[PDB]
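Residue numbering for the sequence shown follows the entry's author numbering, starting at 1 and increasing by one per position. We treat Cβ as the ideally placed atom computed from N, Cα and C, and that holds for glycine.
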Amino acid sequence: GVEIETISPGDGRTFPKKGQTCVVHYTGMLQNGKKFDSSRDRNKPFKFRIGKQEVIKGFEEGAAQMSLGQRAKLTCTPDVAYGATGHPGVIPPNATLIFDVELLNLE
């Protein structure tokens with residue numbers, strides 16, 4: 001389950017498609033917890049493409065449901081990202097993930 005909470009401004013029409021390399025200022029957040037990941041710290045805004053299952057499934061479905069300039073807010077279910085496994089040391093099992101995602105992309 002991917003739930004989108006978009007901070008309004010953007011264009012609403014430039015949607016990511018297959019084979020398009022896109023640029024996202026993401027920001028990770030644990031529900032009832034602190035941050036765990038941020039592109040704002042490294043300031044390299046994470047160039048990635050669509051259609052290769054590179055990212056987790058909760059972040060993948062929310063990427064296609066945004067547009068250029070928009071500022072959404074993800075709520076990733078445990079089963080789509082790590083809730084069975086848990087990323088060792090960083091993500092516990094059965095974790096519900098929160099993301100601040102802005103789509104300032106190319107292509």
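Looking from the CA of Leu74, the closest CA among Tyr82, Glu60, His87 belongs to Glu60.
Under DSSP, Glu102 forms a beta bridge with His25, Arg71. The beta carbon of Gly62 lies closer than 7 Å to those of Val2, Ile4, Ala72, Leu74, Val101 in the same chain, with the five residues before and after it left out. Nearest to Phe48 by C-alpha distance, out of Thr96, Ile91, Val23, is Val23.
Cβ neighbours of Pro92 within its own chain (closer than 7 Å, five residues either side excluded): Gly86.
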